[PDB]
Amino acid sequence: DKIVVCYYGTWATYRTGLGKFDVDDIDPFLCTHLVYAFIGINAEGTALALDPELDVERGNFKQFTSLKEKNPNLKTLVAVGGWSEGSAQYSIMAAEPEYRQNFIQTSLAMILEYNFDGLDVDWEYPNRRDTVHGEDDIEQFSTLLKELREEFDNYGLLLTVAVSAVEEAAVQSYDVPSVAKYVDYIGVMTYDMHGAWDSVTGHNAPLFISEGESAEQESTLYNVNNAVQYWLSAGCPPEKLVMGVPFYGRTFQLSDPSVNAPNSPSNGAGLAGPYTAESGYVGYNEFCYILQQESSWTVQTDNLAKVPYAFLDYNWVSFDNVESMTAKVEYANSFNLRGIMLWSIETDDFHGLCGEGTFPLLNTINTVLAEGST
């Protein structure tokens, strides 16, 4: 009954050398659900491949779903949306019955032709960013899910969502009971809690209160516990709540290197990984290697938030390791959550270069779920 929902950022195939991660780098027995990120839409609802040369011409959709030839119990979904896809087109599509119907039919066509087992909806986000219809998106999102479910039930297909985590974000976008009603599960994106957009350093996925935070109005802080408890309290049953964890960290440039605790002033985004190549975030594979190769880094545990962080002069990095992943899965076990969702498989230490075996984060998730440790 416990599930492990693995997202694959399919553009990782274009990384070079040790960062390159293709479909055949996936271990299909370390996930119960594997999700191909991402397809997109136009405003008229037509589902479409975002990288047709890879997805279609080079057969990547079908190579991905063919992982079921190795693990016949694996479910392989396709995810529509994502951060880069924005909100406007989803807002327009969801408001019009004709566009919703077009989305249902065109997404179903892709699912069946490429042998996917269902659809994950990652609209980021109803009533936010470049939304066109504003608060109406909250209703139209639930209507879209209802209509997808009605059609998908004719084929036995899965329907899931990925959602923003903390209360102040969730209340802008979702009616929780009507979202939960139509989906097989809700993947709560319990990460990106803090990042280089903030004025101070902070953890990507702190479990509880963090160093440097006030305990007054503790329920308003951006942490995993507050988000999970919000979703449970708002009507998501535990058997439909899948708790997200990150396989990447976020990086900052300190304002003053001598002030290097969490919640210390930051000047902006920090280092980039050699393969992900974007200032402000780093894959676990990249950062564990950096730490292994450069002894000058200081790694500390925030024993309030239950997560590690590292600093070296101006660099300050929040990340998650085997120990913090263990704490996260133990938390999920303690609340009888349906399982663990991860963004994303291609930045685990998939080559085992950091000395804890291949896929240390993903193996940790599977081990702690199987053992039931709370």
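Numbering starts at 1 and runs along the sequence shown.
Peer 1: Determine, for stretches 339-347 and 22-30, which one has the higher mean CA B-factor as deposited.
Peer 2: Of 22-30 and 339-347, the stretch with the higher C-alpha B-factor average is 22-30.
Peer 1: Quick check: 133-141 versus 243-251, which has the larger average CA B-factor in the record?
Peer 2: Per the PDB entry, the higher value belongs to 133-141.
Peer 1: From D192, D122, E213, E286, which pick has the Cα B-factor that tops the rest in the entry?
Peer 2: The listed residue with the largest C-alpha B-factor is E213.
Peer 1: Using the temperature factors in the entry, find which of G187, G81, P206, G268 has the highest value at its Cα atom.
Peer 2: Across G187, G81, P206, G268, the entry lists the biggest C-alpha B-factor for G268.
Peer 1: Could you place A37 in the lowest, middle or highest third of its chain by Cα temperature factor, using the values in the record?
Peer 2: According to the entry, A37 has a C-alpha B-factor in the chain's lowest third.
Peer 1: Looking at the temperature factor on the CA atom of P52, which third of the chain's modelled residues does it land in?
Peer 2: According to the entry, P52 has a C-alpha B-factor in the chain's middle third.
Peer 1: Split the chain's modelled residues into thirds by Cα B-factor; is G235 in the lowest, middle or highest one?
Peer 2: Answer is highest: the recorded C-alpha B-factor places it there.
Peer 1: Within this chain's modelled residues, let me know which third the CA B factor of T160 belongs to: lowest, middle or highest.
Peer 2: For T160, whose C-alpha B-factor we compare with every modelled residue in the chain, the answer is the lowest third.
Peer 1: Sorting the chain's CA B-factors, does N225 end up in the lowest, middle or highest third?
Peer 2: Lowest third.
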